[PDB]
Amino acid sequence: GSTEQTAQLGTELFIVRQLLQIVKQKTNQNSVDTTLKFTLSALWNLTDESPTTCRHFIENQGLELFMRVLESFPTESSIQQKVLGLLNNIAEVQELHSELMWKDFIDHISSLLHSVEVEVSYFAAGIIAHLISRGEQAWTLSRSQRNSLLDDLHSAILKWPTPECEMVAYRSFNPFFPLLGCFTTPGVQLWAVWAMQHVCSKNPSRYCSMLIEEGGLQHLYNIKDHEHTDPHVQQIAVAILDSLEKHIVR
């Protein structure tokens, strides 16, 4: 058992503030250590499927602080991963979209998309995928930056090796489904199917039934059957389907 949900919602702002305070102190002292890594993991985990926590983070200078974390520790891939994991959760919340639309932030993400560490690149790509998915109209920065981010997104995913661990856990695939069906911007679909394939192949007994239960079969058959589909998107979609088909008919 745990506290009831209303009580949990009561405490989010205090916990967000206390954790950000710790992050801020460590960053000022340039202290890269265990308490910082575990505090950043905790903060990331608190924002998992929590639009309320993402809003408290934004309202309490989280974005500025995390840019400072990225600037202060540009060689700490473990730190970058957790910062970007959290930002990928904020990127999923459409009412927070406009908070992420500033040049410094996008410039930082675009550069970490090119990190040679897939556990860093993956989350920069997820942020970019979600932001591009909201459409040209929602993108209030340079139009040529949107376009080149889209090609870099597609290009970066195709270079990724198979990570040795899961890099992330999901409690639902709901945030991925609108990214499918982004046929106009195939790098967006590519990230979604790559991410789905990655966790379903590494952990079928946690994810295959999840995905089937949330409607994944038809969303992916809708890609398998679609006429003018990017061949890489399609190849990974069928690989997820294969895994899903075998989870049924066990």
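Each residue number is its position in the shown sequence, starting from 1.
The stretch with the higher mean CA B factor, choosing between 60-68 and 28-36, is 28-36.
For the pair 121-129 and 176-184, the mean B factor over Cα atoms is greater in 176-184.
Ranked by Cα temperature factor within the chain, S209 sits in the highest third according to the deposited record. Placement of the Cα temperature factor of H232 within the chain: middle third of the modelled residues, per the deposited record. Ranked by C-alpha B-factor against the other modelled residues of its chain, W102 falls in the highest third. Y170 sits in the lowest third of its chain by CA B factor, as recorded in the PDB entry. In the PDB entry, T47 places in the lowest third of its chain by CA B-factor.
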